[PDB]
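Visitor: Sharing a structure, written as structure tokens. Questions coming.
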Amino acid sequence: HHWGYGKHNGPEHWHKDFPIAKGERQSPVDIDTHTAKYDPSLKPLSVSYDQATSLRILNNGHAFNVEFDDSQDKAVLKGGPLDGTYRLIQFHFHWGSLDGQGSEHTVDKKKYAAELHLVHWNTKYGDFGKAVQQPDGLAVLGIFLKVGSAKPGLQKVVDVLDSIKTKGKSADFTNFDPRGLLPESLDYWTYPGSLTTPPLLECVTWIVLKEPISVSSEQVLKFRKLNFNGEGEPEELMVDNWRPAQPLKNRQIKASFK
Ligand SMILES: NS(=O)(=O)c1ccc(CCN/C([SeH])=N/c2ccc(I)cc2)cc1
Ligand SMILES: [Zn+2]
């Protein structure tokens, strides 16, 4: 009886195996745009993905991960609210059964159709498993998806999903350039938070971009053909794999922009 996103094992149940679910710095949160304060001391983000080395795509039963070679400083996030160098390890998405829901973060209680998470770990901790034990271990770059025009840089991901329909399937996925998933503006909000799935560790500096990317209805419909189940199990579509907004508690969301 493992955690997931159903009635019997969804987000309102996670606290029984992961008591940190009710902690002081949980994610995601609603971003109240009027309460977020401009912080003129924040730096522009530095997103250096020119040497990124993608390797593989995996259906893990909760989402799909595009995994990178993080054994060297090849794709790094720096600047903004961050001290030091954070290395890209993987990206994944969260999405809905309908275009009106799917994002984890919300903006003035608005839900987007999906949310991209580019996951990075602080190189001062040596690898990912050590970094998730530290309050500044991870930096996750969050990017909203709205349905409209296609995102051409997403289509190579969409077209491999048929080969990883079910939990535990993986496929070669080399030479994918994550720069094709970024919006024009790197304006962001930032706050201290957590992983949004178990183990819900409070190890993340969240950096959420204000500008969403547009994807087509056909692109998101292909996300919704994935399965949570393994091969030869009753089909359960991989939809609504998002955690809802958690209490902000004693936190301030900072804006990089006016
Ligand atoms: N949705 S999210 O962006 O907040 C998000 C949610 C979950 C995760 C993955 C955590 N899995 C862990 Se804790 N894996 C390892 C543990 C030990 C070792 I050694 C290596 C890996 C990342 C990002
Ligand atoms: Zn995520």
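By convention here, the chains of the structure tokens are called A, B, ... in the order presented, each chain's residues are numbered starting at 1, and ligands are numbered starting at 1 in the order presented.
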Near segment 245-257 of chain A, counting only C-alpha atoms, which residues have an atom at most 8 Å away, once you skip same-chain residues fewer than 2 positions from it, shown as a PDB file with N, CA and C atoms, in the first residue's frame?
Guide:
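Everything below was put into result-v5.pdb:
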ATOM      1  N   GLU A  24       7.315  22.610   8.574  1.00  0.00           N
ATOM      2  CA  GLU A  24       7.323  24.082   8.557  1.00  0.00           C
ATOM      3  C   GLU A  24       7.747  24.660   7.213  1.00  0.00           C
ATOM      4  N   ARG A  25       8.244  23.847   6.282  1.00  0.00           N
ATOM      5  CA  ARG A  25       8.679  24.430   4.980  1.00  0.00           C
ATOM      6  C   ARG A  25       8.306  23.466   3.836  1.00  0.00           C
ATOM      7  N   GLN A  26       7.033  23.087   3.757  1.00  0.00           N
ATOM      8  CA  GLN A  26       6.539  22.156   2.728  1.00  0.00           C
ATOM      9  C   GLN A  26       6.192  22.897   1.434  1.00  0.00           C
ATOM     10  N   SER A  27       6.321  22.149   0.355  1.00  0.00           N
ATOM     11  CA  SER A  27       5.985  22.612  -0.997  1.00  0.00           C
ATOM     12  C   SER A  27       4.964  21.685  -1.649  1.00  0.00           C
ATOM     13  N   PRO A  28       4.217  22.144  -2.666  1.00  0.00           N
ATOM     14  CA  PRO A  28       4.262  23.509  -3.205  1.00  0.00           C
ATOM     15  C   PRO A  28       3.474  24.478  -2.321  1.00  0.00           C
ATOM     16  N   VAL A  29       3.386  25.732  -2.740  1.00  0.00           N
ATOM     17  CA  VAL A  29       2.632  26.816  -2.067  1.00  0.00           C
ATOM     18  C   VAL A  29       1.922  27.617  -3.141  1.00  0.00           C
ATOM     19  N   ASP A  30       0.900  28.346  -2.710  1.00  0.00           N
ATOM     20  CA  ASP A  30       0.309  29.408  -3.531  1.00  0.00           C
ATOM     21  C   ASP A  30       1.224  30.635  -3.473  1.00  0.00           C
ATOM     22  N   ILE A  31       1.510  31.200  -4.621  1.00  0.00           N
ATOM     23  CA  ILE A  31       2.283  32.457  -4.744  1.00  0.00           C
ATOM     24  C   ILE A  31       1.302  33.600  -4.856  1.00  0.00           C
ATOM     25  N   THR A  35       1.656  39.935  -2.287  1.00  0.00           N
ATOM     26  CA  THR A  35       2.383  39.799  -1.001  1.00  0.00           C
ATOM     27  C   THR A  35       3.875  39.498  -1.246  1.00  0.00           C
ATOM     28  N   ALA A  36       4.235  38.891  -2.372  1.00  0.00           N
ATOM     29  CA  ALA A  36       5.654  38.628  -2.704  1.00  0.00           C
ATOM     30  C   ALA A  36       6.342  39.991  -2.796  1.00  0.00           C
ATOM     31  N   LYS A  37       7.482  40.106  -2.162  1.00  0.00           N
ATOM     32  CA  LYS A  37       8.192  41.396  -2.249  1.00  0.00           C
ATOM     33  C   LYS A  37       9.391  41.286  -3.170  1.00  0.00           C
ATOM     34  N   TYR A  38       9.531  42.321  -3.973  1.00  0.00           N
ATOM     35  CA  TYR A  38      10.739  42.516  -4.774  1.00  0.00           C
ATOM     36  C   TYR A  38      11.945  42.580  -3.844  1.00  0.00           C
ATOM     37  N   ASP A  39      12.975  41.834  -4.148  1.00  0.00           N
ATOM     38  CA  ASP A  39      14.239  41.785  -3.392  1.00  0.00           C
ATOM     39  C   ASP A  39      15.353  42.269  -4.323  1.00  0.00           C
ATOM     40  N   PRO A  40      15.739  43.570  -4.282  1.00  0.00           N
ATOM     41  CA  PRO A  40      16.690  44.100  -5.261  1.00  0.00           C
ATOM     42  C   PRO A  40      18.083  43.498  -5.117  1.00  0.00           C
ATOM     43  N   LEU A  42      18.546  40.177  -4.923  1.00  0.00           N
ATOM     44  CA  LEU A  42      18.602  38.883  -5.687  1.00  0.00           C
ATOM     45  C   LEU A  42      19.358  39.137  -6.995  1.00  0.00           C
ATOM     46  N   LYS A  43      20.165  38.183  -7.440  1.00  0.00           N
ATOM     47  CA  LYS A  43      20.855  38.245  -8.764  1.00  0.00           C
ATOM     48  C   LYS A  43      20.023  37.600  -9.855  1.00  0.00           C
ATOM     49  N   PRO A  44      20.325  37.963 -11.138  1.00  0.00           N
ATOM     50  CA  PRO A  44      19.756  37.268 -12.274  1.00  0.00           C
ATOM     51  C   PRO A  44      20.156  35.807 -12.049  1.00  0.00           C
ATOM     52  N   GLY A  80      20.902  34.017  -8.870  1.00  0.00           N
ATOM     53  CA  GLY A  80      19.599  34.191  -8.213  1.00  0.00           C
ATOM     54  C   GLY A  80      19.759  34.224  -6.701  1.00  0.00           C
ATOM     55  N   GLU A 104       1.537  22.305  -9.439  1.00  0.00           N
ATOM     56  CA  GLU A 104       1.741  22.150  -7.970  1.00  0.00           C
ATOM     57  C   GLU A 104       1.731  23.527  -7.325  1.00  0.00           C
ATOM     58  N   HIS A 105       2.616  24.413  -7.748  1.00  0.00           N
ATOM     59  CA  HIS A 105       2.521  25.827  -7.359  1.00  0.00           C
ATOM     60  C   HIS A 105       1.295  26.385  -8.062  1.00  0.00           C
ATOM     61  N   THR A 106       0.738  27.399  -7.413  1.00  0.00           N
ATOM     62  CA  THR A 106      -0.379  28.196  -7.969  1.00  0.00           C
ATOM     63  C   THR A 106       0.014  29.671  -7.896  1.00  0.00           C
ATOM     64  N   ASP A 187      12.609  36.001 -15.084  1.00  0.00           N
ATOM     65  CA  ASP A 187      11.951  36.593 -13.883  1.00  0.00           C
ATOM     66  C   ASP A 187      11.395  35.454 -13.008  1.00  0.00           C
ATOM     67  N   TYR A 188      11.622  35.529 -11.695  1.00  0.00           N
ATOM     68  CA  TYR A 188      11.189  34.413 -10.828  1.00  0.00           C
ATOM     69  C   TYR A 188      10.719  34.903  -9.461  1.00  0.00           C
ATOM     70  N   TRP A 189      10.047  33.974  -8.780  1.00  0.00           N
ATOM     71  CA  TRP A 189       9.786  33.984  -7.320  1.00  0.00           C
ATOM     72  C   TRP A 189      10.652  32.932  -6.659  1.00  0.00           C
ATOM     73  N   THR A 190      11.017  33.145  -5.402  1.00  0.00           N
ATOM     74  CA  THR A 190      11.854  32.160  -4.694  1.00  0.00           C
ATOM     75  C   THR A 190      11.465  32.073  -3.228  1.00  0.00           C
ATOM     76  N   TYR A 191      11.476  30.855  -2.702  1.00  0.00           N
ATOM     77  CA  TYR A 191      11.179  30.588  -1.283  1.00  0.00           C
ATOM     78  C   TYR A 191      11.800  29.262  -0.894  1.00  0.00           C
ATOM     79  N   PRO A 192      12.077  29.072   0.420  1.00  0.00           N
ATOM     80  CA  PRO A 192      12.596  27.822   0.914  1.00  0.00           C
ATOM     81  C   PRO A 192      11.486  26.771   1.098  1.00  0.00           C
ATOM     82  N   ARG A 243       0.755  17.509  -6.065  1.00  0.00           N
ATOM     83  CA  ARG A 243       0.435  17.783  -4.657  1.00  0.00           C
ATOM     84  C   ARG A 243      -0.207  19.160  -4.592  1.00  0.00           C
TER      85      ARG A 243
END
Visitor: If the limit is 7 Å from any atom of ligand 2, counting only C-alpha atoms and all ligand atoms, which residues qualify? Return them as a CSV table (one decimal) with C-alpha atoms, in the first residue's frame.
Guide:
chain,number,residue,atom,x,y,z
A,92,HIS,CA,10.1,15.9,-14.8
A,93,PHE,CA,6.5,17.3,-14.9
A,94,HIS,CA,3.3,17.2,-12.9
A,117,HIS,CA,10.7,20.8,-12.4
A,196,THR,CA,6.7,17.8,-3.4
Visitor: Sorted by chain and rising residue number, which residues of chain A lie within 6 Å of ligand 1, and what are their closest atom pairs and distances in Å to one decimal, counting only C-alpha atoms and all ligand atoms, as a Markdown table?
Guide:
| residue | atom | partner | partner_atom_place_in_ligand_line | distance |
| --- | --- | --- | --- | --- |
| A:117 | CA | ligand 1 | 3 (O) | 5.1 |
| A:119 | CA | ligand 1 | 3 (O) | 5.8 |
| A:128 | CA | ligand 1 | 20 (C) | 5.6 |
| A:129 | CA | ligand 1 | 18 (C) | 3.6 |
| A:140 | CA | ligand 1 | 3 (O) | 5.9 |
| A:195 | CA | ligand 1 | 4 (O) | 3.3 |
| A:196 | CA | ligand 1 | 4 (O) | 4.1 |
| A:197 | CA | ligand 1 | 6 (C) | 4.9 |
Visitor: Which value, in Å to one decimal, gives the distance between atom CA of residue 200 of chain A and atom CA of residue 241 of chain A?
Guide: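 So the answer is 14.7 Å.
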Visitor: Any idea what's packed within 9 Å of segment 145-151 of chain A, counting only C-alpha atoms, ignoring anything in its chain fewer than 6 positions away? Could you give it as a PyMOL selection string?
Guide: chain A and resi 95+99+103+112-116+180-181+212-220
Visitor: Which residue out of A:232, A:183, A:199, A:168 has the minimum interatomic distance to residue 11 of chain A when only C-alpha atoms are used?
Guide: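 Counting only C-alpha atoms, the residue closest to residue 11 of chain A is A:199.
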Visitor: Which polymer residues have any atom within 9 Å of an atom of residue 118 of chain A, counting only C-alpha atoms, with same-chain residues fewer than 5 positions away left out, as a ChimeraX atom specification?
Guide: /A:88-93,139-143,178
Visitor: Identify all residues of segment 186-255 of chain A in helix (DSSP H, G or I) (DSSP on the backbone) and supply them as a PyMOL selection string.
Guide: chain A and resi 217-223
Visitor: Could you please determine the separation between atom CA of residue 71 of chain A and atom CA of residue 204 of chain A in Å, to one decimal place?
Guide: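 Straight-line distance from atom CA of residue 71 of chain A to atom CA of residue 204 of chain A works out to 20.6 Å.
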Visitor: What gap, in Å, lies between atom CA of residue 85 of chain A and atom CA of residue 173 of chain A?
Guide: 24.9 Å
Visitor: In terms of the shortest atom-to-atom distance over only C-alpha atoms, which of A:122, A:53, A:101, A:59 is closest to residue 74 of chain A?
Guide: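 Looking at the shortest contact to residue 74 of chain A, the residue is A:53.
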Visitor: Find the residues around residue 237 of chain A up to 7 Å (only C-alpha atoms counted), leave out those fewer than 4 positions away in its own chain, and share them as a VMD selection string.
Guide: chain A and resid 224 to 228
Visitor: Go ahead and save the residues from that selection, with N, CA and C atoms, as a PDB file, in the first residue's frame.
Guide:
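Final file, part-v4.pdb:
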ATOM      1  N   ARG A 224      -0.967  12.409 -20.765  1.00  0.00           N
ATOM      2  CA  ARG A 224      -2.114  11.745 -20.093  1.00  0.00           C
ATOM      3  C   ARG A 224      -2.400  10.336 -20.620  1.00  0.00           C
ATOM      4  N   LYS A 225      -1.617   9.838 -21.553  1.00  0.00           N
ATOM      5  CA  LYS A 225      -1.714   8.436 -22.012  1.00  0.00           C
ATOM      6  C   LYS A 225      -0.728   7.555 -21.275  1.00  0.00           C
ATOM      7  N   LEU A 226       0.199   8.156 -20.506  1.00  0.00           N
ATOM      8  CA  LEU A 226       1.080   7.330 -19.655  1.00  0.00           C
ATOM      9  C   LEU A 226       0.261   6.566 -18.626  1.00  0.00           C
ATOM     10  N   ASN A 227       0.891   5.606 -17.981  1.00  0.00           N
ATOM     11  CA  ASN A 227       0.253   4.777 -16.934  1.00  0.00           C
ATOM     12  C   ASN A 227       1.018   4.872 -15.611  1.00  0.00           C
ATOM     13  N   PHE A 228       0.316   4.899 -14.489  1.00  0.00           N
ATOM     14  CA  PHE A 228       0.958   4.731 -13.168  1.00  0.00           C
ATOM     15  C   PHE A 228       1.343   3.258 -12.937  1.00  0.00           C
TER      16      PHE A 228
END
Visitor: Counting only C-alpha atoms, which of A:209, A:233, A:33, A:18 gets nearest to residue 109 of chain A?
Guide: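 Nearest candidate to residue 109 of chain A out of A:209, A:233, A:33, A:18: A:33.
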Visitor: Nearest residue to residue 239 of chain A out of A:132, A:208, A:63, A:77, using only C-alpha atoms?
Guide: A:63
Visitor: Identify, with DSSP run on backbone atoms, the residues in segment 95-240 of chain A assigned to strand (DSSP E), and express the list as number ranges by chain.
Guide: A: 95, 106-107, 114-122, 138-147, 170-172, 188-193, 204-209, 213-215
Visitor: Generate the output file for the selected residues, N, CA and C atoms, as a compact mmCIF listing (two decimals), in the first residue's frame.
Guide:
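So selection28.txt came out as:
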# COMPACT_ATOMS: atom_id res chain seq x y z
N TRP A 95 1.11 17.02 -13.98
CA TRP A 95 0.04 17.47 -14.90
C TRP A 95 -1.30 16.95 -14.44
N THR A 106 0.74 27.40 -7.41
CA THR A 106 -0.38 28.20 -7.97
C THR A 106 0.01 29.67 -7.90
N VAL A 107 -0.64 30.49 -8.70
CA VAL A 107 -0.32 31.95 -8.73
C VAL A 107 -1.64 32.67 -8.47
N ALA A 114 0.10 22.21 -16.22
CA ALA A 114 1.23 21.33 -15.85
C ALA A 114 2.33 22.21 -15.26
N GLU A 115 3.35 21.57 -14.71
CA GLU A 115 4.52 22.23 -14.13
C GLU A 115 5.77 21.35 -14.35
N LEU A 116 6.78 21.96 -14.96
CA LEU A 116 8.11 21.37 -15.18
C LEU A 116 8.98 21.69 -13.98
N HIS A 117 9.69 20.66 -13.50
CA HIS A 117 10.68 20.76 -12.41
C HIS A 117 12.05 20.31 -12.93
N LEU A 118 12.98 21.25 -13.05
CA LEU A 118 14.40 20.98 -13.34
C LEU A 118 15.15 20.90 -12.02
N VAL A 119 15.56 19.69 -11.69
CA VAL A 119 16.11 19.39 -10.35
C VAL A 119 17.62 19.48 -10.36
N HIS A 120 18.18 20.22 -9.41
CA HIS A 120 19.64 20.45 -9.32
C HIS A 120 20.12 20.22 -7.89
N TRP A 121 21.33 19.74 -7.74
CA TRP A 121 21.89 19.53 -6.38
C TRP A 121 23.17 20.31 -6.16
N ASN A 122 23.36 20.77 -4.93
CA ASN A 122 24.50 21.63 -4.52
C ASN A 122 25.78 20.81 -4.52
N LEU A 138 19.24 21.29 -2.57
CA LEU A 138 18.65 21.24 -3.92
C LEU A 138 18.20 22.64 -4.32
N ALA A 139 18.18 22.84 -5.63
CA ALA A 139 17.52 23.98 -6.26
C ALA A 139 16.62 23.42 -7.35
N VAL A 140 15.32 23.67 -7.26
CA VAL A 140 14.38 23.20 -8.30
C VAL A 140 13.87 24.43 -9.01
N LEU A 141 14.07 24.44 -10.31
CA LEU A 141 13.56 25.47 -11.22
C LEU A 141 12.21 24.99 -11.72
N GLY A 142 11.16 25.72 -11.36
CA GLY A 142 9.78 25.38 -11.72
C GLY A 142 9.26 26.29 -12.81
N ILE A 143 8.65 25.68 -13.81
CA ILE A 143 8.17 26.41 -15.02
C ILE A 143 6.76 25.94 -15.29
N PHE A 144 5.83 26.87 -15.30
CA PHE A 144 4.41 26.56 -15.60
C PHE A 144 4.20 26.24 -17.08
N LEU A 145 3.25 25.35 -17.37
CA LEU A 145 2.80 25.05 -18.73
C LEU A 145 1.33 25.44 -18.86
N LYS A 146 1.04 26.22 -19.90
CA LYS A 146 -0.34 26.51 -20.32
C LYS A 146 -0.57 25.90 -21.70
N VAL A 147 -1.82 25.60 -21.98
CA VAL A 147 -2.19 24.99 -23.28
C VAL A 147 -2.49 26.09 -24.29
N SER A 170 12.12 2.22 -19.13
CA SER A 170 13.06 3.28 -19.50
C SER A 170 13.46 3.15 -20.97
N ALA A 171 13.98 4.24 -21.51
CA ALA A 171 14.42 4.31 -22.91
C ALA A 171 15.64 5.22 -23.01
N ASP A 172 16.58 4.86 -23.87
CA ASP A 172 17.69 5.77 -24.23
C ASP A 172 17.13 7.14 -24.55
N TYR A 188 11.62 35.53 -11.69
CA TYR A 188 11.19 34.41 -10.83
C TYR A 188 10.72 34.90 -9.46
N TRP A 189 10.05 33.97 -8.78
CA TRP A 189 9.79 33.98 -7.32
C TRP A 189 10.65 32.93 -6.66
N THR A 190 11.02 33.14 -5.40
CA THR A 190 11.85 32.16 -4.69
C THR A 190 11.46 32.07 -3.23
N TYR A 191 11.48 30.85 -2.70
CA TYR A 191 11.18 30.59 -1.28
C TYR A 191 11.80 29.26 -0.89
N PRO A 192 12.08 29.07 0.42
CA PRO A 192 12.60 27.82 0.91
C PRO A 192 11.49 26.77 1.10
N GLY A 193 11.66 25.59 0.55
CA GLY A 193 10.63 24.56 0.67
C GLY A 193 11.17 23.17 0.64
N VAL A 204 14.96 22.09 -0.35
CA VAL A 204 14.85 22.77 -1.68
C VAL A 204 14.81 24.29 -1.55
N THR A 205 15.63 24.98 -2.33
CA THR A 205 15.43 26.36 -2.71
C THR A 205 14.58 26.33 -3.97
N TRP A 206 13.34 26.78 -3.90
CA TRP A 206 12.42 26.82 -5.06
C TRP A 206 12.70 28.10 -5.82
N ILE A 207 12.75 28.00 -7.12
CA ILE A 207 12.89 29.14 -8.05
C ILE A 207 11.80 28.93 -9.10
N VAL A 208 10.72 29.71 -9.05
CA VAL A 208 9.54 29.49 -9.92
C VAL A 208 9.49 30.65 -10.92
N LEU A 209 9.58 30.32 -12.19
CA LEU A 209 9.57 31.36 -13.23
C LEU A 209 8.17 31.94 -13.37
N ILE A 213 5.46 28.52 -20.15
CA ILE A 213 5.65 28.10 -21.54
C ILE A 213 4.30 27.62 -22.03
N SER A 214 4.09 27.72 -23.33
CA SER A 214 2.89 27.19 -24.01
C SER A 214 3.20 25.83 -24.63
N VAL A 215 2.32 24.88 -24.39
CA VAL A 215 2.38 23.56 -25.05
C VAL A 215 1.05 23.34 -25.77
